[PDB]
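Pasted below: structure07.cif, mmCIF, C-alpha atoms and all ligand atoms.
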data_upload
loop_
_atom_site.label_atom_id
_atom_site.label_comp_id
_atom_site.auth_asym_id
_atom_site.auth_seq_id
_atom_site.Cartn_x
_atom_site.Cartn_y
_atom_site.Cartn_z
CA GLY A 1 106.52 124.28 122.79
CA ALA A 2 102.73 124.12 122.25
CA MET A 3 100.85 126.38 124.74
CA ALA A 4 98.81 123.36 126.03
CA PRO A 5 100.60 120.24 124.75
CA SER A 6 98.01 117.61 123.62
CA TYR A 7 97.50 114.18 121.96
CA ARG A 8 95.06 113.79 119.02
CA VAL A 9 94.35 110.96 116.52
CA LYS A 10 93.39 111.32 112.85
CA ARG A 11 92.35 108.56 110.40
CA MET A 12 94.06 109.71 107.20
CA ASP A 13 97.27 109.50 105.11
CA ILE A 14 100.20 110.89 107.26
CA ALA A 15 101.62 112.32 103.96
CA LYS A 16 98.76 114.96 104.21
CA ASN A 17 99.53 115.90 107.88
CA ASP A 18 99.12 119.47 109.26
CA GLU A 19 102.12 119.29 111.66
CA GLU A 20 105.60 120.92 111.66
CA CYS A 21 107.37 117.53 111.11
CA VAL A 22 106.61 113.87 110.31
CA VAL A 23 107.88 110.53 111.71
CA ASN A 24 108.41 107.86 109.01
CA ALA A 25 107.89 104.18 109.95
CA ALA A 26 111.19 103.48 108.12
CA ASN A 27 113.18 100.36 107.22
CA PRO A 28 116.82 100.20 108.32
CA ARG A 29 118.17 100.55 104.72
CA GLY A 30 116.44 103.81 103.81
CA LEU A 31 114.50 102.04 101.00
CA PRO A 32 111.13 103.30 99.70
CA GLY A 33 109.42 100.29 101.39
CA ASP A 34 105.59 99.93 101.53
CA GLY A 35 102.65 101.35 103.56
CA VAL A 36 103.50 104.57 105.55
CA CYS A 37 107.14 104.37 104.28
CA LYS A 38 106.10 104.42 100.54
CA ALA A 39 103.62 107.35 101.06
CA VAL A 40 106.47 109.24 102.86
CA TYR A 41 108.86 108.39 99.94
CA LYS A 42 106.34 109.79 97.34
CA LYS A 43 105.76 113.03 99.37
CA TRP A 44 109.35 113.72 100.63
CA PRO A 45 111.78 111.66 98.43
CA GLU A 46 114.68 114.09 99.12
CA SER A 47 114.50 113.01 102.82
CA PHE A 48 115.78 109.53 101.87
CA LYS A 49 119.36 110.79 101.23
CA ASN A 50 121.53 108.83 103.74
CA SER A 51 118.43 107.93 105.82
CA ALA A 52 119.61 104.32 106.59
CA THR A 53 119.86 103.77 110.40
CA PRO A 54 119.74 100.70 112.74
CA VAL A 55 116.69 99.18 114.40
CA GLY A 56 115.69 101.10 117.54
CA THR A 57 117.08 104.49 116.27
CA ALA A 58 115.75 107.60 114.52
CA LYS A 59 117.59 109.72 111.93
CA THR A 60 116.23 113.08 110.71
CA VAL A 61 116.74 114.29 107.10
CA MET A 62 115.35 117.65 105.90
CA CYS A 63 113.11 117.89 102.79
CA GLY A 64 113.59 121.64 102.16
CA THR A 65 113.06 122.94 105.70
CA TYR A 66 110.48 120.21 106.59
CA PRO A 67 111.99 117.55 108.96
CA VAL A 68 111.39 113.80 108.25
CA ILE A 69 112.33 111.71 111.36
CA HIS A 70 113.12 108.13 110.09
CA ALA A 71 112.21 105.85 113.05
CA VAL A 72 113.11 102.11 112.65
CA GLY A 73 110.85 99.81 114.68
CA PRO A 74 111.72 96.09 114.96
CA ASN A 75 110.17 93.52 112.58
CA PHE A 76 108.57 91.03 115.09
CA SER A 77 108.97 88.28 112.40
CA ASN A 78 112.74 88.40 113.24
CA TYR A 79 112.93 89.58 116.89
CA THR A 80 111.78 87.63 119.99
CA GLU A 81 108.78 89.29 121.80
CA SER A 82 111.26 90.43 124.53
CA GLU A 83 113.98 91.94 122.27
CA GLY A 84 111.32 93.39 119.94
CA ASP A 85 109.62 95.12 122.86
CA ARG A 86 112.99 96.67 123.94
CA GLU A 87 113.83 97.98 120.39
CA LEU A 88 110.25 99.33 119.87
CA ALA A 89 110.49 101.33 123.16
CA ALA A 90 114.00 102.56 122.14
CA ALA A 91 112.84 103.76 118.65
CA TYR A 92 110.21 106.00 120.34
CA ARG A 93 112.76 107.39 122.90
CA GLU A 94 114.99 108.40 119.89
CA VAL A 95 111.92 110.11 118.25
CA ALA A 96 111.36 112.20 121.45
CA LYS A 97 115.05 113.30 121.40
CA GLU A 98 114.76 114.37 117.72
CA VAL A 99 111.42 116.22 118.19
CA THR A 100 113.01 118.08 121.17
CA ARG A 101 116.27 118.92 119.27
CA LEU A 102 114.30 120.26 116.24
CA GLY A 103 112.28 122.69 118.50
CA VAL A 104 109.00 121.92 116.61
CA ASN A 105 105.61 122.73 118.21
CA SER A 106 103.86 119.70 116.58
CA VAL A 107 104.70 116.24 115.12
CA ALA A 108 102.72 113.67 113.00
CA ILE A 109 103.50 110.07 114.20
CA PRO A 110 102.37 106.59 113.03
CA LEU A 111 102.23 103.55 115.42
CA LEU A 112 105.60 101.81 114.83
CA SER A 113 105.71 98.02 114.23
CA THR A 114 101.85 97.70 113.87
CA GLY A 115 101.74 96.95 110.06
CA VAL A 116 104.07 94.59 108.07
CA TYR A 117 106.56 94.59 111.04
CA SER A 118 103.86 93.33 113.56
CA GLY A 119 104.65 89.60 113.01
CA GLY A 120 100.85 89.19 112.40
CA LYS A 121 99.85 90.35 115.96
CA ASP A 122 97.65 93.29 117.12
CA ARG A 123 100.17 95.64 118.74
CA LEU A 124 97.99 98.83 119.04
CA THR A 125 98.27 98.96 122.90
CA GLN A 126 101.97 97.89 123.00
CA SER A 127 103.07 100.48 120.37
CA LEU A 128 100.82 103.33 121.69
CA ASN A 129 102.01 102.83 125.31
CA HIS A 130 105.68 103.06 124.19
CA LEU A 131 104.74 106.21 122.20
CA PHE A 132 103.23 107.76 125.40
CA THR A 133 106.24 106.74 127.57
CA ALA A 134 108.61 108.61 125.20
CA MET A 135 106.48 111.63 124.24
CA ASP A 136 104.86 112.46 127.64
CA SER A 137 107.90 114.57 128.71
CA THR A 138 107.94 116.55 125.38
CA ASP A 139 105.84 119.73 124.89
CA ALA A 140 105.04 119.21 121.16
CA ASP A 141 101.39 118.71 120.05
CA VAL A 142 101.36 115.00 119.01
CA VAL A 143 98.99 113.88 116.24
CA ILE A 144 98.82 110.08 115.77
CA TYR A 145 97.84 108.88 112.24
CA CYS A 146 96.03 105.57 111.56
CA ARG A 147 94.03 103.94 108.69
CA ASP A 148 91.54 101.58 110.44
CA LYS A 149 88.21 102.96 111.83
CA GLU A 150 88.28 100.59 114.88
CA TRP A 151 91.93 101.61 115.63
CA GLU A 152 90.86 105.35 115.51
CA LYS A 153 88.20 104.65 118.23
CA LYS A 154 90.64 102.61 120.43
CA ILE A 155 93.42 105.26 120.12
CA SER A 156 90.91 108.09 120.89
CA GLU A 157 89.64 106.15 123.98
CA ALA A 158 93.23 105.58 125.28
CA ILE A 159 94.03 109.33 124.93
CA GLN A 160 90.73 110.39 126.63
CA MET A 161 91.32 107.83 129.51
CA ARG A 162 94.37 109.92 130.68
CA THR A 163 91.84 112.89 130.30
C1 LIG B 201 98.46 106.96 108.19
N1 LIG B 201 99.03 105.73 107.70
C2 LIG B 201 99.30 105.52 106.39
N2 LIG B 201 99.73 106.55 105.65
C3 LIG B 201 100.03 106.34 104.36
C4 LIG B 201 99.92 105.14 103.73
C5 LIG B 201 99.48 104.02 104.46
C6 LIG B 201 99.38 102.73 103.89
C7 LIG B 201 99.01 101.66 104.65
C8 LIG B 201 98.71 101.81 105.99
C9 LIG B 201 98.76 103.04 106.58
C10 LIG B 201 99.15 104.19 105.84
CL CL B 202 93.53 110.41 103.57
CL CL B 203 105.13 98.46 110.39
CL CL B 204 95.71 101.51 111.41
#
Translate this file's structure into structure tokens.
Ligand SMILES: CNc1nccc2ccccc12
Ligand SMILES: [Cl-]
Ligand SMILES: [Cl-]
Ligand SMILES: [Cl-]
Amino acid sequence: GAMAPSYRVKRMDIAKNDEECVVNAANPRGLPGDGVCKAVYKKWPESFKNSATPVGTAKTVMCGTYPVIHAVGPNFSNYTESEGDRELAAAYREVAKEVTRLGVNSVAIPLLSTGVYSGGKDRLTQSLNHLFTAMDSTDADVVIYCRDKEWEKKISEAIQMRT
């Protein structure tokens, strides 16, 4: 565990993280994909061996000794708001199980279902709150990665609000 488990946010490419493991915003088929998934494929391509897994689950594959946790959020183009919300919460619960099993002291995590799987909606609050629900009972240092300057400010404010 980290000696004082914390949440932080960084605005940078998650492929350049400084944590002991990474969560991929994966597709169910283990394909290279686009966005976070393509950057993860370029950095850790070995981790895509038998990485395919259903929506709402996470599957870890080692790149050397570095763990890549493939977490499959729902595509809100295809899911109803209600079923989508359930699967998005479940994907994060499976990430917390993996992070705990691996015994890491830190994890780099993107906001699942906020990019091409968002169904064209702003899902910052929805995705972040499901992230907190899952990860609050873990003792890893969590570092959330984002691209957008306004998202960095909103994520920082939400972390600081809890103190
Ligand atoms: C931290 N997030 C990201 N990491 C890598 C590539 C990305 C491409 C598009 C959007 C976000 C990206
Ligand atoms: Cl960067
Ligand atoms: Cl996405
Ligand atoms: Cl972003």
Which residues form the shell of 8 Å around ligand CL 204 (chain B) when you count all atoms listed in the file, given as a compact mmCIF listing (two decimals) with C-alpha atoms, in the frame of the given file?
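out19.txt written:
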# COMPACT_ATOMS: atom_id res chain seq x y z
CA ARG A 11 92.35 108.56 110.40
CA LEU A 111 102.23 103.55 115.42
CA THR A 114 101.85 97.70 113.87
CA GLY A 115 101.74 96.95 110.06
CA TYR A 145 97.84 108.88 112.24
CA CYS A 146 96.03 105.57 111.56
CA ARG A 147 94.03 103.94 108.69
CA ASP A 148 91.54 101.58 110.44
CA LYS A 149 88.21 102.96 111.83
CA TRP A 151 91.93 101.61 115.63
CA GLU A 152 90.86 105.35 115.51
Check your understanding: In terms of the shortest atom-to-atom distance over only C-alpha atoms, which of A:63, A:29, A:35, A:143 is closest to residue A:106?
Key -> A:143
Review point. Separation of atom CA of residue A:58 and atom CA of residue A:96, in Å?
Key: 9.4 Å
Exercise for review: Produce as a PyMOL selection string the set of residues near ligand CL 202 (chain B), where near means within 8 Å with only C-alpha atoms and all ligand atoms considered.
Suggested key: chain A and resi 11-14+16
Point to revise | atom CA of residue A:112 to atom CA of residue A:53, straight-line distance in Å | key: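 Atom CA of residue A:112 lies at a distance of 15.1 Å from atom CA of residue A:53.
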**Study point:** Near-stretch 41-44 of chain A list (12 Å; only C-alpha atoms; drop same-chain fewer than 5 positions) as a PyMOL selection string
**Key:** chain A and resi 13-17+21-27+30-36+49+51+61-70
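The coordinates place atom CA of residue A:37 at 23.2 Å from atom CA of residue A:81.
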Check your understanding: Restricting the calculation to all atoms listed in the file, which member of A:93, A:38, A:117, A:99 is positioned closest to residue A:79?
Key ->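 Once distances to residue A:79 are computed over all atoms listed in the file, the minimum belongs to A:117.
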Around all of ligand LIG 201 (chain B)'s listed atoms, make the axis-aligned box with 4 Å on each side and tell me centre and edge lengths in Å to one decimal, as lines of an AutoDock Vina configuration file.
center_x = 99.2
center_y = 104.3
center_z = 106.0
size_x = 9.6
size_y = 13.3
size_z = 12.5
**Study point:** Counting only C-alpha atoms, the residue of A:153, A:86, A:101, A:162 that sits nearest residue A:73
**Key:**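 Closest to residue A:73, using only C-alpha atoms: A:86.
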**Study point:** Using all atoms listed in the file: which of A:125, A:77, A:160, A:133 has the shortest distance to residue A:89
**Key:**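 Among the listed residues, the smallest separation from residue A:89 belongs to A:133.
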Save stretch 88-108 of chain A to disk from that block, N, CA, C and O atoms included, as an mmCIF file, in the first residue's frame.
data_model
loop_
_atom_site.group_PDB
_atom_site.id
_atom_site.type_symbol
_atom_site.label_atom_id
_atom_site.label_comp_id
_atom_site.auth_asym_id
_atom_site.auth_seq_id
_atom_site.Cartn_x
_atom_site.Cartn_y
_atom_site.Cartn_z
ATOM 1 N N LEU A 88 -20.459 0.687 -16.612
ATOM 2 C CA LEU A 88 -19.346 1.616 -16.370
ATOM 3 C C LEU A 88 -18.916 1.478 -14.893
ATOM 4 O O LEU A 88 -17.710 1.332 -14.604
ATOM 5 N N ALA A 89 -19.868 1.470 -13.981
ATOM 6 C CA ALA A 89 -19.583 1.172 -12.549
ATOM 7 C C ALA A 89 -18.902 -0.182 -12.384
ATOM 8 O O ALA A 89 -17.947 -0.278 -11.596
ATOM 9 N N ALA A 90 -19.369 -1.238 -13.078
ATOM 10 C CA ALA A 90 -18.807 -2.583 -12.945
ATOM 11 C C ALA A 90 -17.351 -2.582 -13.444
ATOM 12 O O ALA A 90 -16.487 -3.244 -12.791
ATOM 13 N N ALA A 91 -17.053 -1.955 -14.599
ATOM 14 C CA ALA A 91 -15.669 -1.955 -15.123
ATOM 15 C C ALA A 91 -14.708 -1.438 -14.021
ATOM 16 O O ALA A 91 -13.649 -2.011 -13.758
ATOM 17 N N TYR A 92 -15.073 -0.328 -13.378
ATOM 18 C CA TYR A 92 -14.212 0.236 -12.316
ATOM 19 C C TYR A 92 -14.093 -0.714 -11.115
ATOM 20 O O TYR A 92 -12.967 -0.788 -10.526
ATOM 21 N N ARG A 93 -15.164 -1.381 -10.694
ATOM 22 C CA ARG A 93 -15.058 -2.372 -9.583
ATOM 23 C C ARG A 93 -14.035 -3.447 -9.965
ATOM 24 O O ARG A 93 -13.288 -3.926 -9.069
ATOM 25 N N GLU A 94 -14.028 -3.914 -11.242
ATOM 26 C CA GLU A 94 -13.079 -4.975 -11.676
ATOM 27 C C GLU A 94 -11.668 -4.380 -11.669
ATOM 28 O O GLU A 94 -10.758 -5.135 -11.289
ATOM 29 N N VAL A 95 -11.456 -3.096 -11.992
ATOM 30 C CA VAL A 95 -10.126 -2.477 -11.903
ATOM 31 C C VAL A 95 -9.650 -2.531 -10.439
ATOM 32 O O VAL A 95 -8.478 -2.908 -10.211
ATOM 33 N N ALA A 96 -10.483 -2.139 -9.501
ATOM 34 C CA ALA A 96 -10.076 -2.163 -8.061
ATOM 35 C C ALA A 96 -9.655 -3.554 -7.606
ATOM 36 O O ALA A 96 -8.637 -3.656 -6.900
ATOM 37 N N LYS A 97 -10.342 -4.606 -8.052
ATOM 38 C CA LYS A 97 -9.967 -5.998 -7.729
ATOM 39 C C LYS A 97 -8.575 -6.283 -8.294
ATOM 40 O O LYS A 97 -7.756 -6.878 -7.572
ATOM 41 N N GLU A 98 -8.323 -5.930 -9.551
ATOM 42 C CA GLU A 98 -7.025 -6.211 -10.185
ATOM 43 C C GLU A 98 -5.891 -5.466 -9.477
ATOM 44 O O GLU A 98 -4.834 -6.071 -9.237
ATOM 45 N N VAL A 99 -6.068 -4.173 -9.240
ATOM 46 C CA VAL A 99 -5.058 -3.328 -8.567
ATOM 47 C C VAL A 99 -4.719 -3.963 -7.208
ATOM 48 O O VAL A 99 -3.543 -4.070 -6.870
ATOM 49 N N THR A 100 -5.741 -4.445 -6.520
ATOM 50 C CA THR A 100 -5.543 -5.069 -5.166
ATOM 51 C C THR A 100 -4.773 -6.385 -5.309
ATOM 52 O O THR A 100 -3.736 -6.572 -4.592
ATOM 53 N N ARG A 101 -5.172 -7.246 -6.226
ATOM 54 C CA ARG A 101 -4.535 -8.560 -6.500
ATOM 55 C C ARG A 101 -3.051 -8.370 -6.846
ATOM 56 O O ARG A 101 -2.207 -9.198 -6.411
ATOM 57 N N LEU A 102 -2.699 -7.367 -7.646
ATOM 58 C CA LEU A 102 -1.356 -7.146 -8.163
ATOM 59 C C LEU A 102 -0.442 -6.680 -7.011
ATOM 60 O O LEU A 102 0.764 -6.773 -7.196
ATOM 61 N N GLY A 103 -0.993 -6.069 -5.956
ATOM 62 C CA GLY A 103 -0.195 -5.558 -4.808
ATOM 63 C C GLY A 103 0.628 -4.334 -5.170
ATOM 64 O O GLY A 103 1.545 -3.986 -4.387
ATOM 65 N N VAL A 104 0.244 -3.580 -6.225
ATOM 66 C CA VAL A 104 0.942 -2.326 -6.601
ATOM 67 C C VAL A 104 0.722 -1.211 -5.557
ATOM 68 O O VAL A 104 -0.331 -1.179 -4.895
ATOM 69 N N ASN A 105 1.638 -0.253 -5.479
ATOM 70 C CA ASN A 105 1.469 0.912 -4.606
ATOM 71 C C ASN A 105 0.932 2.111 -5.392
ATOM 72 O O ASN A 105 0.580 3.093 -4.762
ATOM 73 N N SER A 106 0.802 2.012 -6.711
ATOM 74 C CA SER A 106 0.302 3.161 -7.517
ATOM 75 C C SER A 106 -0.279 2.621 -8.838
ATOM 76 O O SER A 106 0.174 1.542 -9.314
ATOM 77 N N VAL A 107 -1.182 3.380 -9.428
ATOM 78 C CA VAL A 107 -1.873 3.001 -10.694
ATOM 79 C C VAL A 107 -2.183 4.290 -11.459
ATOM 80 O O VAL A 107 -2.758 5.247 -10.843
ATOM 81 N N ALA A 108 -1.956 4.289 -12.778
ATOM 82 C CA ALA A 108 -2.351 5.335 -13.740
ATOM 83 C C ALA A 108 -3.704 4.928 -14.348
ATOM 84 O O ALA A 108 -3.819 3.798 -14.835
#
